[PDB]
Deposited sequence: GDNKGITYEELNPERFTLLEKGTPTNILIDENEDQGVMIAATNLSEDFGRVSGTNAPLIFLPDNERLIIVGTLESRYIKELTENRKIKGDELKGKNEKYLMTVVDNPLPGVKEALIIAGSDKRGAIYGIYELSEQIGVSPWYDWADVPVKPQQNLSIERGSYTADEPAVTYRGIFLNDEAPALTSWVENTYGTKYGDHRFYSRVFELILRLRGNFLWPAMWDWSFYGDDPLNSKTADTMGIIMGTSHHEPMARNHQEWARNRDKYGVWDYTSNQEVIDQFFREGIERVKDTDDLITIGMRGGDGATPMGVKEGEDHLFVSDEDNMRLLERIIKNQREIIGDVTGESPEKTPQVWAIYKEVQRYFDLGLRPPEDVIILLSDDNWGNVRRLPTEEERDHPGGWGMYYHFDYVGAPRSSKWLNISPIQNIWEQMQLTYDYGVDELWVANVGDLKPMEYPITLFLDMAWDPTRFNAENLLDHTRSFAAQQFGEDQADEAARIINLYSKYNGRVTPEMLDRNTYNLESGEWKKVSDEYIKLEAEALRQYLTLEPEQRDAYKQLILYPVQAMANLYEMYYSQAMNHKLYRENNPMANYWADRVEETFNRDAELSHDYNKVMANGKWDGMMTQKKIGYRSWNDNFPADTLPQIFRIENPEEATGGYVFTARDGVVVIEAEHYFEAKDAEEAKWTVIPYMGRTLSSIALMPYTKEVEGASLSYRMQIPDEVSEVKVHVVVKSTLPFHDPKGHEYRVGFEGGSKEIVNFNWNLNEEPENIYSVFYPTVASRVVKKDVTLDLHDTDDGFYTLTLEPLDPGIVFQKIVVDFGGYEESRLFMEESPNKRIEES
């Protein structure tokens, strides 16, 4: 985490041994230490168990000659080292959330050598403990993304003095929100509770602390953090998480505490229900009195009368705080949120009391609305920013996957920090998963925005990947995380549909093929992993990539189906099938995530519907098959194709004729897939005469064109029946025709054998061209005919060329066309 390259997998005299032949060195702690530090030290002890197979013993007396000595500045053992100048206590005293990690010789009598982890306060000590956890190899995501722990037999750590200094943002954390159906289902499946209890939140707290955050807004759609379980707040307070509430939840009451008793409580109008709402406020403050939770103040129900009533609500709330806490209101931390109604009041002069944090919000889509000017930056209480990775509302909700590329988060948050907003940073994380990477980035940036610039963003992603998957996997894993996040930034999954990208220009095909290419790369990486890494890889990379590449292909296929159905081309049916198959594959992938991956550990987390949005909300029953169209009796829907020119050319796959007239006995037969592109078409069988047979093609050409060059691509058939060679006649109906002999020189005569013969047969095709004058027509429509004059001619592709011809192995993209009857 903080300090890279200081822990080694083998021992050394000038390094400090953390683990030797499977035996961990013991951890010394003051048995009366802050309990949250003790919990973290117990987690560290188990972290040594995950590494080596045996927990590091947690002792209360220096029984041993080598020790890991942990604690706060005021615990008995740490206090003794600072007093004896064995540790630079000045670097910690008065500092916020800071640790000092260093090896010292003879720290205590009877102890020869120790690693010291001293915190300026309880969170500083917890953070230093979790730094050691990451050194020995336990990712913050070891539980919440199943990131396995590499087993070890020996670990040593370099001497030196290490710290993360102080955090740059005072309160750094997350907001569980948009939490139904995913997080709520997962909690009910895991804990049996239709609410979040202290078991669930304890698990959330440990993750936030390991990530070095300190702050949480709890889930509140249909839950109440404070009311549902009395141990919720007690656990948060003990463990070291600062709790808060969102914008319109004043005075440490969760919204649902009012809603669940809306009939008993009244109006929520401060003018009529004033003493009912005052008592509401008071009870809340009483619940939190000796915790350090952040208190939202204010309220949302003429302009000057509104500004006055809000002024009264606030100073009323602050006398209630004074009353309950028994000390002046500024001794309790407070936050006041700017929303639309009160944004006007602010610009007219309205400010909270100056010790109060003023919380700003982004636009629900990751862009900051408003930042302090140089005159407003003065505000002694400072400023907050609320940022979205997930949103329910306009113009359409995004509830499914990560949509927040790393560049976007950084670009707006670096602006936020440079304008002086550094008291509170809190991110809407949805159900938490699958926002694991943007959460890590956002908290790391809140710790020290200074270490992030444009040139080094991806270094962060790389270190993240090396932590989750090992050095040897990190470059490629980070590349894929960065690139899929970028793709998801182009358009949310919920707003992606058949019309998002340009079909005719090739843009749709490009972005669909490129997402599938990303999937192929993720699959190759997946196959190189050890089995114990697969679930973490699926959660962090493979499922978002596979689900998005499948979703892109579904809508790309739908647009392809609609285009071909309009054109009356039976190929629409193939694309209808692909829409069905990909749509079902979406259900297969999320079934795997919920039920099979990690033995169903995350069942519930991936139940959000995403296919079938018609408005902004997800109030449709389930994932729904995108509408598709089918051509009845397709194998009889042939011929009748008419082409329009495009870019100085008409390019024609040979089976898309207008009409075909057969021979006596021999019939035009298309050979599916044959040749370089669509197919081949030939008179079958090769034993009958071809007299009178023909293929004809209908095409529109701009009347400005007076002569064309016709290219005809056929299979490199050799002259098996007659060494004169095969000929066919080619020309426009009512105009000039020429006869082409395409293989007279495909033989082993000395002048042919290597100059032409072996070159064209190894290529498998023959291209010939004639130049034909274009006679005048009233409508611009022409009929090109192909009359074979020998048996066995396999026609494949035609291009009539009047400027736009491009040399190419496939003979160019087919021009626009339609089918008739």
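*Walk along the deposited sequence from position 1 and note every stretch that has no C-alpha coordinates.*
Those parts of the chain that were deposited but carry no coordinates are 302-319, 840-841.
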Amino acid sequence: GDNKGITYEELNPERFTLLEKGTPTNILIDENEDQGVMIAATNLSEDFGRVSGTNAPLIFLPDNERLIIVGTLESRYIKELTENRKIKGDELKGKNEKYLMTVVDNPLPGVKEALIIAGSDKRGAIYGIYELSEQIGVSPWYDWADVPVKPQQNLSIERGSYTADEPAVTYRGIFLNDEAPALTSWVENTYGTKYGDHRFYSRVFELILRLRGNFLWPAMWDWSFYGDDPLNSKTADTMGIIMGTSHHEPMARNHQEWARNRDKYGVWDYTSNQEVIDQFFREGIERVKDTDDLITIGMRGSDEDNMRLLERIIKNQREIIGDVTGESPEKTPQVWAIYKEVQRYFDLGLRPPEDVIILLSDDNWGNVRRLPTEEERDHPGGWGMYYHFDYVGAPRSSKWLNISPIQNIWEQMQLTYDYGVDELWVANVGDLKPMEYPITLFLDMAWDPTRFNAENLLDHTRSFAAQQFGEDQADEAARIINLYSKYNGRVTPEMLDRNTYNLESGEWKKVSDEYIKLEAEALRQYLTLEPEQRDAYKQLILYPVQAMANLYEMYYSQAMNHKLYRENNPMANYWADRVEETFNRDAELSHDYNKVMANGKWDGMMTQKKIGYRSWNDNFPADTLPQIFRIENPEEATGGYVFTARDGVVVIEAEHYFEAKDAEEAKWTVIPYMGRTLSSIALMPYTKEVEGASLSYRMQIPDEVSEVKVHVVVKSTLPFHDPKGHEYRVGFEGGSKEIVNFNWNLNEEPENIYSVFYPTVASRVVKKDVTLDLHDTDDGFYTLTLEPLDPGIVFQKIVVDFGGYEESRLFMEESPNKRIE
From here on, numbers count along this sequence of modelled residues.
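*As stated in the PDB record, which stretch has the larger average Cα B-factor, 783-791 or 40-48?*
Of 40-48 and 783-791, the stretch with the higher C-alpha B-factor average is 783-791.
_Of 732-740 and 124-132, the one with larger mean CA B-factor_ = Looking at the record's C-alpha B-factors, the answer is 732-740.
*Whose C-alpha has the highest temperature factor in the PDB entry: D459, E588, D577, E354?*
Across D459, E588, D577, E354, the entry lists the biggest C-alpha B-factor for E354.
*Quick one: which of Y387, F200, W221, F643 shows the highest Cα temperature factor in the PDB entry?*
Answer, based on the entry's C-alpha B-factors: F643.
*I403: which third of its chain by C-alpha temperature factor?*
It falls in the bottom third of the chain.
*Going by the recorded CA B-factors, say which third of the chain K517 sits in, lowest, middle or highest.*
Answer is lowest: the recorded C-alpha B-factor places it there.
*asked:* Among the modelled residues of this chain, does the Cα B factor of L18 put it in the lowest, middle or highest third?
replied: Its C-alpha B-factor, which the entry lists for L18, ranks in the middle third among residues of this chain.
_Position of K289 among the chain's modelled residues by C-alpha B-factor, lowest, middle or highest third_ = Tercile = highest for this residue's CA B-factor.
*Compared with the other modelled residues in the chain, in which third is the CA B-factor of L810?*
As the PDB entry reports it, the C-alpha B-factor of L810 lands in the lowest third of its chain.
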